[PDB]
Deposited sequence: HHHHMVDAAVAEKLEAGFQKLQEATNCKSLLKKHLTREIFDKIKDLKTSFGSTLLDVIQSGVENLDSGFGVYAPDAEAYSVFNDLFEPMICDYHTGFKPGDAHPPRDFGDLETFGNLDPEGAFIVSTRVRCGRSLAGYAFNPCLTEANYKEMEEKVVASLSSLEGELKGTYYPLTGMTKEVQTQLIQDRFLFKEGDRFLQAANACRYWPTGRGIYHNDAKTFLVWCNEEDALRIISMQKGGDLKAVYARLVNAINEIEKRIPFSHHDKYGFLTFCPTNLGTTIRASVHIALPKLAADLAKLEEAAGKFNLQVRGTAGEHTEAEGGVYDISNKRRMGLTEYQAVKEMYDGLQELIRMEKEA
């Protein structure tokens, strides 16, 4: 498709959408905040080579004015063609990344440099690390054909089915999924279904449930979703606080998948994802930790965690601790911010 010219129908819906955002005087989305009339007028007639327009970017945040973010990338090239809108939204949302920065090449780092965080189990309830990936050579959800979903699933399942040892497990397609399996996966908190209204409006649920499925290892410490928001959502999780083991399992899985399937990647934004909140390392690390002594002063807790760019959220003195930074640092740096921040928080708890 050409870089220029959208048809009259698309132009008309785009104008109607801008007006709807403006008429919404109280709308809080980053879309409303960053799509100025000047940016809109500059990029409204552009297209990617896949034929995606600005409407394929903003429609979800127009249909759902209460979105927090409110745009998605219909294909990898949208991040460039429509960078005038994506850039300010990305650099607003993410911590420590600014226009002109280039996200570093992937580096999981030296796993041996991770210690043991809470061997006794006195503090940390559970530990999770989540990543996402898109498959190189395909558009993203709004542009995928029925044939695309089938081919991506075949490739993903070929990789997952060959996982050995710690990672060995079972793939469950959504296509034909039995009520028995739905019930079992719900109990494990492993099931996804057809997307909510934000994904529906983004045209991310086309040809449902073709190409969609759920994989987990037998120990239920490794989970993969195929074709939900991204081609791959990859999670390592376990009870207790052994961040080294959780991260090592994740690294082993992603490396093994990459040997067969390259991932969509951008020179400045890192790994490309359907929602721009998942860019860079894509890392969403989360530890539930009991800090009842530090709970007497939430501000010193928030402040101490913030020295390592960690976010504190009460869930009772139990907190969800997570990495603020996903872009502009390596995977090793992000997971080490969690390790070092949690180390300081535990020392503070013991000292109080």
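According to the record, which stretches of the deposited sequence lack C-alpha coordinates? Unobserved in coordinates, per deposited numbering: 316-323, one stretch.
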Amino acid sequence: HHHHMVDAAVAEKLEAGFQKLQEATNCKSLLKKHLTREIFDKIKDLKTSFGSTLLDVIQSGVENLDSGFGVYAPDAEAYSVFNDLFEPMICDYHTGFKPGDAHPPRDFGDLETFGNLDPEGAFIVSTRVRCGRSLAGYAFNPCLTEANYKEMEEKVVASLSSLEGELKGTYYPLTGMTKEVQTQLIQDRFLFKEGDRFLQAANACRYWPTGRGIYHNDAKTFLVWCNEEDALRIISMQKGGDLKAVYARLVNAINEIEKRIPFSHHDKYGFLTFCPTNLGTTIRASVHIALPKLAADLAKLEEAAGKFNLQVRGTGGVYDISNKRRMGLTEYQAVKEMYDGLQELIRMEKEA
From here on, numbers count along this sequence of modelled residues.
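**Study point:** Of 304-312 and 283-291, the one with larger mean CA B-factor
**Key:** Stretch with the higher mean C-alpha B-factor: 304-312.
**Q.** Of 143-151 and 174-182, the one with larger mean CA B-factor
**A.** Comparing 174-182 with 143-151, the higher mean C-alpha B-factor belongs to 143-151.
Highest-ranked of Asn217, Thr113, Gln238, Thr95 once sorted by CA temperature factor in the record: It is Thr113.
- Cα B factor band for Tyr79 (lowest, middle or highest third within the chain): Ranked within chain, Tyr79 CA B lands in the middle tercile.
### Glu120 - which third its CA temperature factor falls in, relative to the rest of the chain
Highest third.
Taking the chain's C-alpha temperature factors as the reference, tell me which third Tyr319 falls into: lowest, middle or highest. According to the entry, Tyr319 has a C-alpha B-factor in the chain's middle third.
B-factor third for the C-alpha atom of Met327 within its chain
Its C-alpha B-factor, which the entry lists for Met327, ranks in the lowest third among residues of this chain.
**Item:** CA B-factor placement of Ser126, once the chain's modelled residues are sorted into thirds
**Value:** Its C-alpha B-factor belongs to the middle third of this chain's values.
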